[PDB]
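Here is how the chains run, residue by residue.
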Amino acid sequence: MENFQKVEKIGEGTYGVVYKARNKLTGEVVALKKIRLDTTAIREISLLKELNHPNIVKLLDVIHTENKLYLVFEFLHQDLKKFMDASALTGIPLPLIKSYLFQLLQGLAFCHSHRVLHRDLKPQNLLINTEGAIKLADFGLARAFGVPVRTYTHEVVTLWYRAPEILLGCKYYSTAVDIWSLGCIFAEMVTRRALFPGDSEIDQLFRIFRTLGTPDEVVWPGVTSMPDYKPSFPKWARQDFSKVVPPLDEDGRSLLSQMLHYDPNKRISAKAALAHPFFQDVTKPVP
Amino acid sequence: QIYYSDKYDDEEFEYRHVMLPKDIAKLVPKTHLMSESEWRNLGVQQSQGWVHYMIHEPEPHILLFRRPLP
């Protein structure tokens, strides 16, 4: 850990603090994340250094020193939450949005092929650069650390992007949870506000139901197998997407609709999402 | 304390949920639906007609209320 100088604090993730640093040997800027390891998990994350893709934040190195675990990774100037916060009076150009989702599905498609999930995908672990690229951070860390109700700085974590199966108590959940979280990020990138901002797990479920209709055996076969399903949930009907996500075109709605499908089995995969008509005209404009 | 949610409706019911503080929450039995006298006893100020109809097990401190429309 002695090779990292010029260390400045950038922010706070849900696992630890994030810094911008300088590699004394190479002279490059790097990002470090100090996850306080109070009490296998390291050897497994080191293996994540082997999963490289232009859309996966590069895990440069893992370092364990006296109760601290440092993730040295590729440095990107901003995340999607901040980028959307700043583009509030103009939003994001549809071409950039189509470019981002496209690159996001190639990173998901890459990681899923290797049975690596994220499970806690939020706009905050979606990192951007000045060249029009977007990359995923923190893949595979949740299956070592597990994602909590509260963070390390006791901040309240984000339920907003959780899949309905996770919320209804499914223990045997898919990689389709990531496609759900990404379908939420897609709509939010389009409307600039979270599609389902619930204040509790039950409110998050109700939020989902109000927009997409309350699930049943017709729209979600096997929904009655979910530990937390109750036949008394408020009864709502599926709303019209032309209303929910106005700027989006028919192809954009069709895909969002398929990424947000209730049944994990029927929910579009990253691989098949890439071949969707929506991406027929994808470009790559700068941020 | 006690957070009272915004009311929300569907075709034949009106709803709302109430989040309970750690103190009051220790007074609510495990898998038990309450009567007005029972939830009112907890401090929940609400009009008459509201029915504690469901319990989301993972968050037993959230009381879910229902009431038929109109």
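Criteria and thresholds
- Residues numbered from 1 in each chain as written, not as in the entry; some residues may be left out.
- Chains lettered and ligands numbered in written order.
- Heavy atoms only, no water.
- Helix = DSSP H or I, 4+ residues; strand = E, 2+ residues; numbered from the N terminus.
- Buried < 20%, exposed > 50% of the residue type's maximum accessible area, 1.4 Å probe, protein only.
- Contact = heavy atoms within 4.5 Å.
- Buried area = accessible area lost by both parts, 1.4 Å probe.
- Salt bridge = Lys/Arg side-chain N within 4 Å of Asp/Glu carboxyl O.
- Polar contact = N/O pair within 3.5 Å; in protein donor to acceptor, adjacent residues only side chain to side chain.
- Nonpolar A, V, L, I, M, F, W, Y, C, P; charged D, E, K, R; others polar.
- Axes fitted to C-alpha atoms, helices over the stretch in contact; angles between N-to-C directions.
- Left-handed = near helix turned anticlockwise from the far one by under 90°.
- Parallel < 35°, antiparallel > 145°, perpendicular 65-115°, else oblique.
- Domains from an automatic or database assignment.

In the PDB archive, X-ray crystallography is given as the structure determination method for this entry, at a resolution of 2.6 Å.

Draft legend 1. Representation of unusual backbone geometry. Cis rather than trans, the peptide bond between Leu-69 of chain B and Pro-70 of chain B has omega equal to 0°. Relative to the assigned elements, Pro-70 of chain B resides in the segment after β5 (62-68). Positive phi values are uncommon outside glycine, yet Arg-115 of chain A reaches one of about 55°. Tracing the backbone through its elements, the reader meets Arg-115 of chain A in the loop between α3 (94-113) and β7 (126-128). Accessibility expressed as a relative area gives 75% for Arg-115 of chain A, which makes it exposed.

Draft legend 2. Up close: the interface of chain A and chain B. Taken together, the 16 residues of chain A in the interface contact 18 residues of chain B. Between chain A and chain B, a total of about 1300 Å² is buried, with carbon and sulfur atoms accounting for 57% of that surface. On inspection of chain A and its partner chain B, the count reaches one salt bridge. Notably, a salt bridge pairs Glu-57 of chain B with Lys-230 of chain A, separated by 3.6 Å at the nearest N-O pair. Across the contact surface, chain A and chain B share five residue pairs in polar contact. The greatest single-element share of the side of chain A that touches chain B, amounting to six residues, is contributed by helix α7 (residues 201-212) of chain A. Partitioning the side of chain A that touches chain B into residue classes produces seven nonpolar, two polar and seven charged.

Draft legend 3. Representation of the packing of helix α6 (residues 176-191) of chain A against helix α9 (residues 250-259) of chain A. Residue and element names in this part refer to chain A. Relative to each other, α6 and α9 sit at 145°, their axes nearing to 8 Å. Handedness of the α6/α9 crossing: left-handed. Between α6, through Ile-179, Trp-180, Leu-182, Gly-183, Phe-186 and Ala-187, and α9, the contact on the second element is made entirely by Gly-252, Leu-255, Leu-256 and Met-259. Residues that form the contact of α6 with α9 fall into these classes: eight nonpolar, two polar and no charged.

Draft legend 4. Up close: the pattern of salt bridges. All chains considered together, the criterion is met by 17 salt bridges over all chains. Here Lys-9 of chain A makes a salt bridge to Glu-12 of chain A, at a shortest N to O gap of 3.4 Å. Taking relative accessible area as the criterion, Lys-9 of chain A reaches 47% and is therefore assigned partly exposed. Note on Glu-12 of chain A: relative accessible area 40%, which makes it partly exposed. Residue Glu-14 of chain B pairs with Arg-67 of chain B through a salt bridge whose shortest N-O separation is 3.2 Å. Remark: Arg-67 of chain B occurs in strand β5 and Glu-14 of chain B occurs in strand β3 (residues 13-19); sequence separation between them is 53 residues. You can call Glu-14 of chain B buried: its relative accessible area is 14%.

Draft legend 5. Molecular detail of the packing of α3 of chain A against α6 of chain A. All names here are of chain A. As a packed pair, α3 and α6 sit with axes 11 Å apart at the nearest point and diverge in direction by 170°. The angle between α3 and α6 places the two elements in the roughly antiparallel class. Only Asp-178, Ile-179, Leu-182, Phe-186, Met-189 and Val-190 of α6 make contact with α3, whose side of the interface consists of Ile-97, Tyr-100, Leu-101, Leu-104, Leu-105, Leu-108 and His-112. Of the residues contributing to the contact of α3 with α6, the split by class is 11 nonpolar, one polar and one charged.

Draft legend 6. Focus on the domain arrangement of chain A. All names here are of chain A. Taken as a whole, chain A is organised into domain 1 (1-77) and domain 2 (78-286). For domain 1 and domain 2, the distance between their C-alpha centres works out to 26 Å. Every contact between the two is made by 26 residues of domain 1 and, on the other side, 31 residues of domain 2. Here domain 1 meets domain 2 over a buried area of about 2500 Å², counting both sides, of which 65% is carbon and sulfur. The three residues of domain 1 that bury the most area against domain 2 are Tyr-15, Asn-55 and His-77, which together make up 28% of that side's buried surface. For the pair domain 1 and domain 2, the interface holds three salt bridges. Put simply, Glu-74 and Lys-135 hold a salt bridge, and the shortest N to O gap is 3.0 Å. In this assembly, domain 1 and domain 2 are joined by 11 residue pairs in polar contact. Every element with two or more residues in the side of domain 1 that touches domain 2 is listed here: β1 (4-12), β3 (29-36), α1 (42-46) and β5 (68-73).

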